[PDB]
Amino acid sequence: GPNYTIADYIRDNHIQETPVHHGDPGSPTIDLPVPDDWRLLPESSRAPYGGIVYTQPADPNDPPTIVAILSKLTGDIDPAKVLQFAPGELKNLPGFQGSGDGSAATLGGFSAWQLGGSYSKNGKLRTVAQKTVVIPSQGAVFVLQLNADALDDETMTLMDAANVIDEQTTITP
């Protein structure tokens, strides 16, 4: 894609990135709320740091989901640059249609960025949203991404939960 992404920033600055899993020593404790009619997702390929899934999907093989990804960055890291380039990933999605590059946000005292829009996948319109939180810690910068994704016709269901996830998720270093 044409837009500069967090992945590009990590590459172009020789920053080491490693995945983080629940219980890793020295990692922050991050708990997502589980709204009514949603259920916890365990850690998996599709949900690296777990997430939540909607239990009454229109398509049981394609339910609304909000997944967490937690990475650990070490090296010469500017946390503000992670947030500056957070919009690139979504803006590079096939057929992405947005309402700007998002806006600044916070979570647990840590700076963040959130944006959303629609995109096309396999001839189906989807709603997507992403909140990125930078979590500077002992000798590293952790990056949390909360990725919401659902079919267009389930936008309201998705974003009602995403608003709760984006606001009530707790971060304890």
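Note that residue numbering follows the sequence shown and begins at 1.
- Stretches 58-66 and 143-151 differ in mean CA B factor, with 58-66 having the higher one.
- Between the stretches 129-137 and 33-41, it is 33-41 that shows the larger average CA temperature factor.
- Compared with the other modelled residues of the chain, the Cα B-factor recorded for residue 90 ranks in the middle third.
- Per the deposited record, the Cα B-factor of residue 77 falls in the highest third when ranked against the other modelled residues of its chain.
- In the deposited entry, the Cα temperature factor of residue 99 sits in the top third of values across the chain's modelled residues.
- Compared with the other modelled residues of the chain, the Cα B-factor recorded for residue 48 ranks in the middle third.
- Residue 122: CA B factor in the highest third of modelled residues in this chain (values from the PDB entry).
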